[PDB]
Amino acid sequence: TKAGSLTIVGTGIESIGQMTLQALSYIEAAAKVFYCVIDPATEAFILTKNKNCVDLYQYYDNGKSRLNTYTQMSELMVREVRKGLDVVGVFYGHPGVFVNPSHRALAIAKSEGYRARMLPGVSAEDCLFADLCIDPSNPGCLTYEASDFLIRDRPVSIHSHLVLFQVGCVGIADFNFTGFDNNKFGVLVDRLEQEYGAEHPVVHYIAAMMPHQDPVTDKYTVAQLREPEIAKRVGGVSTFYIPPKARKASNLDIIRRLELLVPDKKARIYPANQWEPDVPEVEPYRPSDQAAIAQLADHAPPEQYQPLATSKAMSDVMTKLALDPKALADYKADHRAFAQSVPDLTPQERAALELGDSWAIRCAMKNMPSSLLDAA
């Protein structure tokens, strides 16, 4: 039961708006905050929400290895944990997606016997899916760091989505405040041409940082990436999306074993991927679609559909547990004592909260029968 803890949170990519409610609540409650963001409005916002913040960005330098910077960032955080304080680290995007020092600091804290947790956030890949209008499900997604992709000769799959981070710093171990001199970029272009061909599309993607900005979603051929004026547009916040070159055929034995039967591989569900070369759009309103739409006119909810049927007192406390870290800590320490303290709950509601199981909370908030809960 050591005093001291480390919680690392994200801010998302687009200024302020892409932070989660829980990231904000933990920042506000912290004894000490350490942050690494690249948007001045987000920095200003953080400084209005906690009185004891330190900017980690000052530990980068011209010609200084990023690994040295990361060791320093982690040590600054853990030093405050060792003094018995509740410390929060903040990184832009998702704090564990292409971020070294967060994973390091949490592992050191855990090894010394302190509580340590990462809260997820909205990454640049999350933004890419939203802005390019693609789903990782169709037809699968491979995600790599650009230098690692080359050095370990990581496998390509020409039938799935490909996403490459850190294309602006190929083979570069250090930092510069004015930007990278990305003079090994041509090595990446050679690999892409060898796998996909000279005329295959590469989408240069930069998510908007400020709320009024449009994203950069510029299509180039692989061969165009050798032109000096195009290559120089690729910087420190650039990600590449490379769409599929072909569609993979279905396995007939698997279709038999799953029992689904010939399958046309070039037969798409609406909408088609706009970035695939020479792929026409599909029909949105086939006869099967029109039949489903006609059924709306006299639709009734199924008998097994259970509408929400809660109270203000119950919704208030469930919201409080999600938005007030201190209330959550009190509940976790003593479910029974906490449940007895909440004003205006019914006997059914109070018993369900003491248990805290999914089945019990659902019975209470949807007015479903339960012999135990109705006996309260």
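A residue's number is simply how far along the shown sequence it sits, counting from 1.
Coordinates are absent for 4 to 9 residues of the deposited sequence placed between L261 and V262. Once the C-alpha B-factors are averaged per stretch, 310 to 318 and 43 to 51 rank with 310 to 318 first. Taking only CA atoms, the mean B-factor in the PDB entry is higher for 333 to 341 than for the other of 32 to 40 and 333 to 341.
Per the PDB entry, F180 shows the highest C-alpha temperature factor of the residues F91, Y220, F180, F165.
When the C-alpha B-factors of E229, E75, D148, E193 are ranked from the entry, the top spot goes to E229. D278: CA B factor in the highest third of modelled residues in this chain (values from the PDB entry). When the modelled residues of the chain are ordered by their C-alpha B factor, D131 lands in the lowest third.
Sort the chain's modelled residues by C-alpha temperature factor and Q224 lands in the middle third, per the entry. Ranked by Cα temperature factor within the chain, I8 sits in the lowest third according to the deposited record. In this PDB entry, the Cα temperature factor of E125 sits in the bottom third of its chain's modelled residues, the lowest group.
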